[PDB]
Every structure is written in structure tokens, then in C-alpha cells.
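Take a look at the structure set out below.
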Amino acid sequence: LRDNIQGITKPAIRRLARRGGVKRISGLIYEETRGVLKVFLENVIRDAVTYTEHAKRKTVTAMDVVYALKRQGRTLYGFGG
Amino acid sequence: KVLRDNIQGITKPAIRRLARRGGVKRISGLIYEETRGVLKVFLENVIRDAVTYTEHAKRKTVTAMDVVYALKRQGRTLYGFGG
Amino acid sequence: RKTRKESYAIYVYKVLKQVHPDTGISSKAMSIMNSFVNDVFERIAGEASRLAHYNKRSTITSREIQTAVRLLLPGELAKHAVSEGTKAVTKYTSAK
Amino acid sequence: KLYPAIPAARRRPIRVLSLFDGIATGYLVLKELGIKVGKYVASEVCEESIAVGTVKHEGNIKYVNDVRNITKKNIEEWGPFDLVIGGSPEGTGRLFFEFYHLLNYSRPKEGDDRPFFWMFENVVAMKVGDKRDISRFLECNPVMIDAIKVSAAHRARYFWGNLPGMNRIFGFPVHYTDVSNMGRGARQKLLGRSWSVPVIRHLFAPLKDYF
Amino acid sequence: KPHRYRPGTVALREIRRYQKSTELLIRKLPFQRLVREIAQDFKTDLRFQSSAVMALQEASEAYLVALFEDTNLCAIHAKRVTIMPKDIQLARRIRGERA
Amino acid sequence: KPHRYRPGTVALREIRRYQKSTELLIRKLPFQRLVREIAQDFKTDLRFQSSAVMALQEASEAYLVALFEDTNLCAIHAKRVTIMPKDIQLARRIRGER
DNA sequence: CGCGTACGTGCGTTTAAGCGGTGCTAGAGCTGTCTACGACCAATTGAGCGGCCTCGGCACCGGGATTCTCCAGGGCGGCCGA
DNA sequence: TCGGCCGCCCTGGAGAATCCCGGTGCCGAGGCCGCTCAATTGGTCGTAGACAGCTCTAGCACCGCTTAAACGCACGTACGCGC
Ligand SMILES: [Cl-]
Ligand SMILES: [Cl-]
Numbered sequence: 022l023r024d025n026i027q028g029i030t031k032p033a034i035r036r037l038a039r040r041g042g043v044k045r046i047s048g049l050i051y052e053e054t055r056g057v058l059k060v061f062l063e064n065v066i067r068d069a070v071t072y073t074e075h076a077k078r079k080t081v082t083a084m085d086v087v088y089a090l091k092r093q094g095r096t097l098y099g100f101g102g
Numbered sequence: 020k021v022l023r024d025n026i027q028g029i030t031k032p033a034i035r036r037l038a039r040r041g042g043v044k045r046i047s048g049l050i051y052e053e054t055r056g057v058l059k060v061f062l063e064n065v066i067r068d069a070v071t072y073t074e075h076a077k078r079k080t081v082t083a084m085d086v087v088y089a090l091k092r093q094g095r096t097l098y099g100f101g102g
Numbered sequence: 027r028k029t030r031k032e033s034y035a036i037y038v039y040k041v042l043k044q045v046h047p048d049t050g051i052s053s054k055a056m057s058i059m060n061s062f063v064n065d066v067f068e069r070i071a072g073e074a075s076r077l078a079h080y081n082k083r084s085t086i087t088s089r090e091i092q093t094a095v096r097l098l099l100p101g102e103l104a105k106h107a108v109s110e111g112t113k114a115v116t117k118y119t120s121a122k
Numbered sequence: 542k543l544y545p546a547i548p549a550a551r552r553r554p555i556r557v558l559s560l561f562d563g564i565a566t567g568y569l570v571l572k573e574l575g576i577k578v579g580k581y582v583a584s585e586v587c588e589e590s591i592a593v594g595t596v597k598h599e600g601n602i603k604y605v606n607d608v609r610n611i612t613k614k615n616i617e618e619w620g621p622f623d624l625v626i627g628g629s630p646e647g648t649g650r651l652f653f654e655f656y657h658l659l660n661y662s663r664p665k666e667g668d669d670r671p672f673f674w675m676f677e678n679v680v681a682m683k684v685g686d687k688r689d690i691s692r693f694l695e696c697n698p699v700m701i702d703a704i705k706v707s708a709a710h711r712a713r714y715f716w717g718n719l720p721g722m723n724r725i726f727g728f729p730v731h732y733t734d735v736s737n738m739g740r741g742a743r744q745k746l747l748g749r750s751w752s753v754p755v756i757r758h759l760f761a762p763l764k765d766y767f
Numbered sequence: 037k038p039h040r041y042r043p044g045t046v047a048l049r050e051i052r053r054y055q056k057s058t059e060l061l062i063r064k065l066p067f068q069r070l071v072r073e074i075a076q077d078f079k080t081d082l083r084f085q086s087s088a089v090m091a092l093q094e095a096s097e098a099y100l101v102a103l104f105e106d107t108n109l110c111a112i113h114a115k116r117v118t119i120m121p122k123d124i125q126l127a128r129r130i131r132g133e134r135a
Numbered sequence: 037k038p039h040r041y042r043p044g045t046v047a048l049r050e051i052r053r054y055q056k057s058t059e060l061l062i063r064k065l066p067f068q069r070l071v072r073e074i075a076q077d078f079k080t081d082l083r084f085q086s087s088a089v090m091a092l093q094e095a096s097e098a099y100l101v102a103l104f105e106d107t108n109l110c111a112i113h114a115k116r117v118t119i120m121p122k123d124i125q126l127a128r129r130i131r132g133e134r
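Residue numbers (PDB author numbering), protein chains in the order written: chain B, 22 to 102; chain F, 20 to 102; chain H, 27 to 122; chain S, 542 to 630, 646 to 767; chain A, 37 to 135; chain E, 37 to 134.
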């Protein structure tokens, strides 16, 4: 239950960087990117779980993640709204 | 009288003082024109919103509350003049 | 089992047929347009409510929505939307 | 260079040669100049402009089936032309060189006092080598007029021509903008109609003092 | 006899291929495991809709693609074509997320 | 010849002096003229409270100081101590105001 | 690591910001009247939503043209150095 | 005086990838039907706001000193920049 951040693989971060337009990727990128992604997911899942707590539910709906991302100024379309 | 050429009123030493408060050691020469441009576009957006708030308030004097509401709306909340 | 979640889906499709009569739209893109309408709606009604609280007023009229549009839409998009809105309020106030 | 203006007591109708145009702009804008047409000759490779002309423009226009058909004999037979215009709705170079070749047939010789006016249009997405070559061929410099005063799109345009007052006179209006805003297809008319009607009447404004 | 390309050409080819595509680049199940692992430290026995994890993945990949865009601009600005954690830290610092 | 300092020492001295101070660095009256000039292109005959122009000046100087902070970080990142319009454009691009 | 250039420092010059005065008046701001505009209530009904269906637009496998990539060779000086 | 290797320019042809073009399946979007509940209309009050008037605050305008700071010029050396 600790190698789940390693599930964000080196090919997957490379594909993401290719979509971002990156030509060359140093080796120290990948651990840093796993870290930054983990911090972003910490903030988002923290807010979404807070919203789940307020609704007295046990499951996290997609509307909760939409409301969380909307609160954090990154509005997401296509999941209700 | 139509006011013109007031962007030059943001003088070179004032931009240098602003650079010093930002921690800048050395300043190239095109910084001053670029900075006058960026400050002009910033004041364009902010004064545009404040003028809009004046328009809807049926007034002709831009209050400090209008500029506070405008800066706050753009995600830069200014303390000291209300809100 | 009786719960109807409201949406703007038929209205987005009607405006699409009134713009592109031969082009359809998927349900994911329909959801994205629905959430865009809901979002922009909430933004304009938000700004209008804020303006009404600012000016010590409790009645949201077309002028509040108008200056909220002039705030929220960037420039020429705001000019076209204020013209289209004032045209529809003119047509509304002098209809059958 | 300034050309002398004939007084408005001599009301002769304008002979126009419009070469490439999707929706026929020049004859309609000349109808809303307030002056009459002498000769308006159009041509198009495709049949779309021919269909638009045979439906809308009531048959007061002499059409040619192909642009590769107009010779020197057709120009000398269909009267001398006062205006020559080339626009568009890698064939842009082909359009320009057909325009310049038909322009050489319609230009008056050394000795004629007939007022001659021409115009060529294309956007700033041209290669700069094609721009400097067209500047060499036409012996005139283009003007880069941007859609930033009346619009916000990044679609600027170079202009070529023999038009009096075309350097920096164009600015932003508020009344024409306001009257042109009232549409739900406001920016589609901005992308097409705003390039069709207002800019062209703005540039061909002083021709009514001539005729 | 075996053919081999230069690095830049396959790199640019992948840049084009993934800027044309729209599919999710992180796999679904390890991202789901990461989401459950991070959630675990807030409340035990949490459940997730499938569309919730899909929304998390859409926003996470879009966030990292905008991040790598800014990171590439930092690299190019520093006369490099290779991104570095320097560039990621500069990007996040200018965006205001260093907290 | 009289005493003359190195550039870095008076530069760092001014960096220290102005990061300690709190007063407005842009002068009041040319900023007021700039505000009236920019306002002029929205409505003729606009009036301004003094505290409104002071609020504009506080926010404008704070914005430009945060801009020069990000610009200095762009300069330092590019192995330079000189800020450039490259650095200003990079800062505004990453911040999202381009 | 070398070239250079262009920015910072210092001094003299001078432009104007700032402060201190008053006069005036446009306009922010508060008060009274009322009226017209919106909340509140019931009937009704037709527009909008759940369910279904079918079918054609989209996804996908395969083939050929093509289209850029890249390396091999041919000529070409050219550079010496053994 | 010598030709043996060595980087440059051009060009040609393998070669993998990609675009184009049909052929077939498939499944979700377009369309039709019930129905049900909220949109609409008519009517009634209540009070929020449009409007007139008065006031009195401060915002703009002008002028006079006053030095604070901006502008310009030389210069030199430290960092930008190319290799
Ligand atoms: Cl209203
Ligand atoms: Cl690093």
C-alpha cells in the first residue's frame, strides 16, 4: 500500500510530457512529478472527502470532485455540474 | 484637455525602486518599456472594471470601494479601503 | 423510481440545429455544454447578486445582469452579448 | 502621388472588373455607393459564384465561365475599365498572377487621362517572400491593417492598391460597431461581412467625388 | 541493415501523436489505487463512483499537461530542451502553488 | 579621485533599503495622470476619490513588485542576474495573463 | 574562457512632485412620495423528461500511395605527414 | 613533390510511419410517445425603487515656493553572450 505512487509509471509521465510538448526528459523529472501529482491529489481528495463528510455519505460522487476542483479554481466540465 | 503620454510618468527610477522591493539586483534597458506596458494593461483591466462598477452605481466618481470590488473580483483582494 | 434531473440538453441541441442543421453532438460534449451553461449561469447570477448587495438593492433586473455580462465576458464578446440581450429584452417588452 | 479630381457635374458610370470573389461584394457595394455602374464583369472557375449571381444579382452583370478565357480582345471589346479589384472568399499565388495579368490589360496607356483604380487583398499569413515579391510586382507597399480596433481576433490583413487615403485613416467606430453587433451570428458576420461591406466602402469612399 | 532514427524525430513524432490524441495516458487501475491510497489517510473505508475517479484522472492529467507546458517554457527559456526539476519548481513557484 | 563603490554593493544596499520601507515608490501625481488617461478611453469627465487612486497605487505597486519577484526568479533560473523582457514574458505566461 | 557592451555609479543640471494655501461647484449622499413591479396563491395545461428503437455516423481492420527520415555512395577538395 | 584519409555537399533509394480509401459492424444519438408537474395567466397587495429637492463634501482647479528626485553624460568593469 506504498508503491501506489509508483503506479504513475515512467512511460505514463513521458506520455503526459509528450502531450505537454516536452522533447527531452531528465531522469530526476519522474520522482518530482509523482510528488507534485501526489500533492495535487492530496488537496483535491482532501476537499472531496470533506464534501462527502458534509453529505453524511460513504461514497465520493463525481459531483464532489467537480465541486472540489471548482473550489480550487480548476473547473472541470463533463461530469454533471 | 485630452490627457496623453502619461505612461512616461512612470519614470525609470520608480521602476528601479519597484525592482529593488522585488529583490532585483540588475535591470536591463528594455525592462522599463516592458514594465510600462504591463502596468498599462493591468490598469486597463482594473480601471475598466472600476469604471463599470461606477456605471452601474449611477455615479460619475470612482470610489475606493469600486476599485476594491474590482481588485477583489480579479482575485487580488486589497485590504485597507473596505470590502 | 421517479426523479428527473433537469438539464439544458434539448435547448443546446435546438440552438445547435439552429446554427448547424446537419451537425450532431455526442452525450459527453452535451454534458460539457450543460456544465458550461450551468457554470456561466452561476457566474453571472453570482456577480449580479454581489452587485445588488454592493448597491444596497434587493431586486435583480436586466441592468444588473447587463453589467455582470459586461464584467464577465472579455470585451467584444461582452459587447455582442449586451446587444443580443438588449435586443431580446426589447422584443420581450413589446410582444403579444 | 496625388491624382486630380474631376468635378461631380460629370456623372459617368463606373466600369468595374472584379476578378475573384466568393459572395459578390463589389457590385452590391457599388449599388450602395449611390452611383451607377457602367460595366461589371465577373468570372469564377467554380459554379458557386455563378449560382449566387444568377439567383441574387438580377442579371445586370457580364459573366465569363472561366478566368482563363478573358483575353485582350475581350477587354478592348467590353469597354475600358475604371476599377479593377482582386480578393478571395496553394492557389493564392495563382490568383494574384491572374489578377496582375488581367490588370496589365486594363491599365491605360501613357497619354490617357482616365482615372484608374485597382486593389488586391490577402491576409498577413502570407510568406514574407511572396509579400516582397508582390510588392515588387505591383510597385506599391501593402498596409498591415489589423482586426484589433473593431475586433479581437488575430486576423490582420495586407492591402495593395491605388486608393487615396489608405495609410492610417482607418480607426474604430462605435456607432457602426453598435449597429453591427445585433446578431446571434455577430462574429460570423465579423469574420465575413465585416471584411466584405465596411472596410471596402471605407477604402472606396472617395470615388463618389470623382463620379 | 537495422534502421534507427535520430532522437529528435521520434520525440517530435510522439509529441505530435499525443497532442493529437485525447485518451487518458495514466492507466485507470494504478491511478485508482493511488486515489484510494491518498484517500485512506483521510477516512477509512471510502468508496468511489467510477465517474469520480475518471473526473480525478481527467483533471490530474490536464493539470500535469499544463504543468509540463510551463516546464517546457522554463526549459526553453533557460536555453535548454531538456526539462529539469529546476523547471518544475520555477513553474510551480510562479503559479503560486509552493506551499 | 573620490570613493566609488562596486555595482553589487549599492545594488544590494538598495534592495535592503526598499524591502524594509513601506512607502509608495511611484509618485502620486504622474500615477494619477496615468489613471485619468486610461479612464478617459472609457468615459469622459470621470472623477476620482483620493483613496481610490491611493488604492490603485497600492495594488499596482504590489502587483509590479510580485511581477519583479517572479521576473528575478526567471532571471536567476536562466543563470543570470539581469532581468529581461524574456523573463517578464515568461513570468506573465506561467501566471496565465498572456 | 574571451569579447564587448551596456548598465550602474557619481556628479551636475533641472524638471516637476509635493505641500500649502483658497474658491468653487458637481455630485455623493440623505429624505419624502408614491407607483409600478415583483412575491404570493390557484388552475391549467403543454413543454420537458423517462423510456425505447433503429440506424447511420463513428470506430476499426486492411491495402496502397505517399511522405518524411536517414544513411550510403560519388564526387569533392584538402590536408597534410610519414 | 605524393596520394591516403577525412569532413562537406548533393542525391538516391530503402524504410518506417502516416494519409487516404473503402468495407463491415456496433452502439449510442435522433426521434416518437406517455405524463406529470411546473410554466403560464389572472388577480392581489406591499414595499423597493424611480424621482424631485436639499444639502454639504470633497474633488478639481490654480498658484506659489520648495527642495526631492528625475534626466543626462562620462566611464569602467562585470556580467551577457558566443564559442
Ligand atoms: Cl428588468
Ligand atoms: Cl534539478
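C-beta: ideal position from N, C-alpha, C; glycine also.
Check	Outcome
Any 3 or more C-beta pairs closer than 8 Å across the stretch 71-87 of chain F and the stretch 74-88 of chain E	yes
Alpha-carbon to alpha-carbon, F:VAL65 and H:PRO100	13 Å
Chain E residues whose Cβ lies nearer than 7 Å to that of F:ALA83	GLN85, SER87, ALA88, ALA91
CB contact check: E:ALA114 to chain F, cutoff 9 Å	no
For review: beta carbons within less than 5 Å of any heavy atom in ligand 1	H:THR87, H:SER88
Residue burial classification, B:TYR51 (beta-carbon count within 10 angstroms, cutoff 16)	buried
The alpha helix (DSSP H) enclosing E:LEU109, as first and last residue numbers	86-113
Residues near E:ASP106 in its chain [Cβ-Cβ closer than 6 Å; skip 5 each side]	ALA127
Reduced DSSP secondary structure (H/G/I, E/B, other) of S:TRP716	strand
9 Å Cβ cutoff, E:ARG40 in contact with chain A	no
Cβ shell of S:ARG553 (< 6 Å), same chain only, five flanking positions each side left out	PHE767
Within chain A, partners of B:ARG40 - CB distance below 7 Å	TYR54, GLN55, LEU61, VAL101
Nearest-angstrom beta carbon gap, B:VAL87 and A:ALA91 [assumed within contact, 8 Å]	6 Å
Within chain E, the residues that F:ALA33 reaches when beta carbons sit closer than 7 Å	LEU61, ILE62, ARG63
C-alpha gap between S:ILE616 and S:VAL608, whole angstroms	13 Å
Alpha-carbon spacing of S:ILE602 relative to S:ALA709, whole angstroms	35 Å
Interface positions of the stretch 94-118 of chain H facing chain F (Cβ-Cβ less than 8 Å), listed along the chain	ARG96, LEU97
Check: A:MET120 C-beta below 8 Å from any heavy atom of ligand 2	yes
Beta carbon proximity, B:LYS79 to chain A, threshold 9 Å	yes
CB contact flag (S:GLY717, S:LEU759, <9 Å)	yes
Close-in-space but distant-in-sequence residues of the same chain around F:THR73 (CB under 8 Å, 5 per side omitted)	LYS79, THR80, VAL81, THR82, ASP85
Chain-ordered neighbours of A:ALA127 on chain E, where CB pairs are closer than 9 Å	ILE130
heavy atom of ligand 2 below 8 Å from B:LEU49 C-beta	yes
As assigned by DSSP and simplified to three states, the class of S:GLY579	strand
Partner residues on chain H for B:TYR72, Cβ-Cβ distance less than 7 Å	Per Cβ cutoff of 7 Å: no residues; B:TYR72 is ~17 Å from chain H at best.
CB contact flag (H:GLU68, H:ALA78, <9 Å)	no
Contacting residues, own chain, Cβ-Cβ under 7 Å from B:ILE29 (five flanking each side not counted)	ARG55, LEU58
Minimum Cβ-Cβ distance from F:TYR88 to chain H less than 9 Å	yes
Buried or exposed (CB count within 10 angstroms, at least 16 for buried), F:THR71	buried
Straight-line gap, A:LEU70 to A:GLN125 (C-alpha atoms, nearest Å)	23 Å
C-beta neighbour in chain F for H:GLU90, strict 9 Å	yes
Given F:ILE34 as reference, the closest of E:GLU133, E:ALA102, E:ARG72 once Cα atoms are compared	E:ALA102
S:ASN678 (DSSP reduced to helix, strand or coil)	strand
Pair within 9 Å by beta-carbon distance, A:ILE130 and E:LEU109	yes
Proximal chain A residues relative to B:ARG92, where beta-carbon distance stays under 8 Å	Those do not exist, as B:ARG92 stays about 12 Å from chain A at its closest Cβ, beyond 8 Å.
Assumed close pair S:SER590, S:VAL625 - CB separation to whole angstroms, cut-off 8 Å	The pair is not a contact, with the Cβ atoms about 17 Å apart (cut-off 8 Å).
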